[PDB]
Amino acid sequence: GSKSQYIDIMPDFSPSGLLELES
Amino acid sequence: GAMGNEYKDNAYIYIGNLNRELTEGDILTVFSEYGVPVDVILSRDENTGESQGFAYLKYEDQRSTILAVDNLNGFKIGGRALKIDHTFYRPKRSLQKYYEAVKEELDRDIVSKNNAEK
């Protein structure tokens, strides 16, 4: 698991808009 | 040397199972209602970054805690009613880049430091 043993997570602030249809 | 270790600043609110389609941007957008931009932690897979569905938001303000918890508890986001619980967690520096990346967006506000010049 050469590429499964790395740990890197970078927060991604994206707008889905899922809540737009109810707000 | 006292940093205020007895003061639980590492306190935050726990958000329950959210839509996999919801990202950190959406999460911050929801909390933008209160206008309080502080730490936000989304449980994402360590390899592919898959939204595990667990969200956390650390903001420092006792008033705002009880407010947001009661206010958002039962609020629907994409069909998912927000279940807000109380919890505390200390961000390890081994994962500082994650929290730092969060404050990267908050830096636009953090630039304003207390005490205006001399």
# chains A, B, ... in the order shown; residues from 1 in each chain; ligands from 1
call {"tool": "interface_residues", "arguments": {"of": "chain B", "to": "chain A", "cutoff": "8 Å", "atoms": "only C-alpha atoms", "output": "list in words"}}
result
residues 21, 22, 23, 24, 25, 26, 28, 42, 44, 45, 46, 47, 49, 77, 78, 97, 98, 101 and 102 of chain B
call {"tool": "write_last_selection", "arguments": {"atoms": "C-alpha atoms", "output": "CSV table (one decimal), in the first residue's frame"}}
result
chain,number,residue,atom,x,y,z
B,21,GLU,CA,-21.8,16.3,-0.9
B,22,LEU,CA,-21.3,18.9,1.8
B,23,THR,CA,-17.8,20.4,2.0
B,24,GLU,CA,-16.0,22.6,4.4
B,25,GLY,CA,-17.1,25.6,2.4
B,26,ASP,CA,-20.8,24.7,3.0
B,28,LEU,CA,-18.5,27.5,7.1
B,42,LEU,CA,-14.4,18.1,8.8
B,44,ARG,CA,-12.3,13.4,5.7
B,45,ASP,CA,-10.5,10.2,4.7
B,46,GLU,CA,-6.7,10.4,5.1
B,47,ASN,CA,-6.1,9.1,1.5
B,49,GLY,CA,-10.4,12.9,1.4
B,77,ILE,CA,-29.1,21.0,5.7
B,78,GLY,CA,-29.6,19.1,2.5
B,97,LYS,CA,-1.3,22.0,8.5
B,98,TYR,CA,-5.0,21.1,8.4
B,101,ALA,CA,-5.3,25.7,6.1
B,102,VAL,CA,-8.5,26.5,7.9
call {"tool": "atom_distance", "arguments": {"atom1": "CA of residue 76 (chain B)", "atom2": "CA of residue 104 (chain B)"}}
result
28.1 Å
call {"tool": "residues_around", "arguments": {"residues": "residue 58 (chain B)", "least_positions_apart": "5", "cutoff": "12 Å", "atoms": "only C-alpha atoms", "output": "tab-separated table (two decimals) with N, CA and C atoms, in the first residue's frame"}}
result
chain	number	residue	atom	x	y	z
B	8	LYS	N	-10.82	25.48	29.00
B	8	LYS	CA	-11.06	24.64	27.84
B	8	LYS	C	-11.43	25.47	26.62
B	9	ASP	N	-10.41	25.92	25.91
B	9	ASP	CA	-10.62	26.67	24.68
B	9	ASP	C	-10.77	25.70	23.53
B	10	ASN	N	-10.25	24.49	23.72
B	10	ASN	CA	-10.30	23.42	22.71
B	10	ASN	C	-11.69	22.79	22.66
B	11	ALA	N	-12.65	23.53	23.15
B	11	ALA	CA	-14.02	23.11	23.18
B	11	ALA	C	-14.70	23.48	21.89
B	12	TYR	N	-15.58	22.63	21.42
B	12	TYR	CA	-16.31	22.92	20.22
B	12	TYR	C	-17.59	22.14	20.12
B	13	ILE	N	-18.31	22.35	19.05
B	13	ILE	CA	-19.56	21.66	18.84
B	13	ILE	C	-19.40	20.53	17.84
B	14	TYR	N	-20.12	19.45	18.08
B	14	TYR	CA	-20.09	18.30	17.21
B	14	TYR	C	-21.32	18.28	16.33
B	15	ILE	N	-21.09	18.22	15.04
B	15	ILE	CA	-22.15	18.12	14.08
B	15	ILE	C	-22.22	16.67	13.61
B	28	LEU	N	-18.85	26.16	6.63
B	28	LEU	CA	-18.51	27.52	7.06
B	28	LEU	C	-19.63	28.48	6.67
B	31	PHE	N	-22.39	28.31	9.31
B	31	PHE	CA	-22.00	29.03	10.52
B	31	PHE	C	-21.81	30.53	10.26
B	36	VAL	N	-19.39	34.17	13.02
B	36	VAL	CA	-18.25	33.85	13.87
B	36	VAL	C	-17.30	32.90	13.13
B	37	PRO	N	-16.23	33.44	12.52
B	37	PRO	CA	-15.26	32.66	11.77
B	37	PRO	C	-14.11	32.14	12.65
B	38	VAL	N	-14.19	30.87	13.02
B	38	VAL	CA	-13.16	30.24	13.85
B	38	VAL	C	-12.86	28.84	13.28
B	39	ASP	N	-12.15	28.00	14.05
B	39	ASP	CA	-11.71	26.68	13.57
B	39	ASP	C	-12.87	25.79	13.16
B	40	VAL	N	-12.68	25.05	12.08
B	40	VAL	CA	-13.67	24.13	11.58
B	40	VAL	C	-12.98	22.85	11.14
B	41	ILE	N	-13.47	21.72	11.61
B	41	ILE	CA	-12.84	20.45	11.30
B	41	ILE	C	-13.84	19.47	10.70
B	42	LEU	N	-13.58	19.05	9.48
B	42	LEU	CA	-14.43	18.08	8.82
B	42	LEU	C	-13.71	16.75	8.71
B	64	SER	N	-22.11	31.85	22.56
B	64	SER	CA	-22.33	31.33	21.23
B	64	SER	C	-22.44	29.80	21.22
B	65	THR	N	-21.84	29.12	22.21
B	65	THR	CA	-21.90	27.66	22.25
B	65	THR	C	-23.34	27.19	22.40
B	68	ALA	N	-25.62	28.34	19.35
B	68	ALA	CA	-25.49	27.53	18.14
B	68	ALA	C	-26.00	26.11	18.34
B	86	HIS	N	-22.00	18.60	22.54
B	86	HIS	CA	-20.85	19.29	23.13
B	86	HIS	C	-19.67	18.33	23.23
B	87	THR	N	-18.49	18.81	22.87
B	87	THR	CA	-17.29	18.00	22.90
B	87	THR	C	-16.03	18.89	22.90
B	88	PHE	N	-14.91	18.32	23.32
B	88	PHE	CA	-13.66	19.06	23.35
B	88	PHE	C	-12.53	18.19	22.79
B	89	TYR	N	-11.67	18.79	22.00
B	89	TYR	CA	-10.57	18.08	21.37
B	89	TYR	C	-9.38	19.00	21.17
B	90	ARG	N	-8.21	18.50	21.49
B	90	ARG	CA	-6.99	19.26	21.37
B	90	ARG	C	-6.29	18.95	20.05
B	91	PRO	N	-6.24	19.94	19.14
B	91	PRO	CA	-5.59	19.77	17.83
B	91	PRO	C	-4.09	19.51	17.97
B	99	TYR	N	-5.46	22.49	10.31
B	99	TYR	CA	-6.04	23.61	11.04
B	99	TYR	C	-5.50	24.94	10.51
B	102	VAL	N	-7.22	25.96	7.51
B	102	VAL	CA	-8.49	26.53	7.91
B	102	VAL	C	-8.32	28.01	8.22
B	103	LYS	N	-7.31	28.34	9.03
B	103	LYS	CA	-7.06	29.72	9.42
B	103	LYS	C	-6.54	30.53	8.24
call {"tool": "select_by_dssp", "arguments": {"residues": "region 17-78 of chain B", "states": "strand (DSSP E)", "output": "list in words"}}
result
residues 39, 40, 41, 42, 43, 44, 51, 52, 53, 54, 55, 56, 57, 58, 76 and 77 of chain B
call {"tool": "closest_residue", "arguments": {"among": "B:29, B:117, B:34, B:4", "to": "residue 61 (chain B)", "atoms": "only C-alpha atoms"}}
result
B:34
call {"tool": "atom_distance", "arguments": {"atom1": "CA of residue 30 (chain B)", "atom2": "CA of residue 74 (chain B)"}}
result
13.5 Å
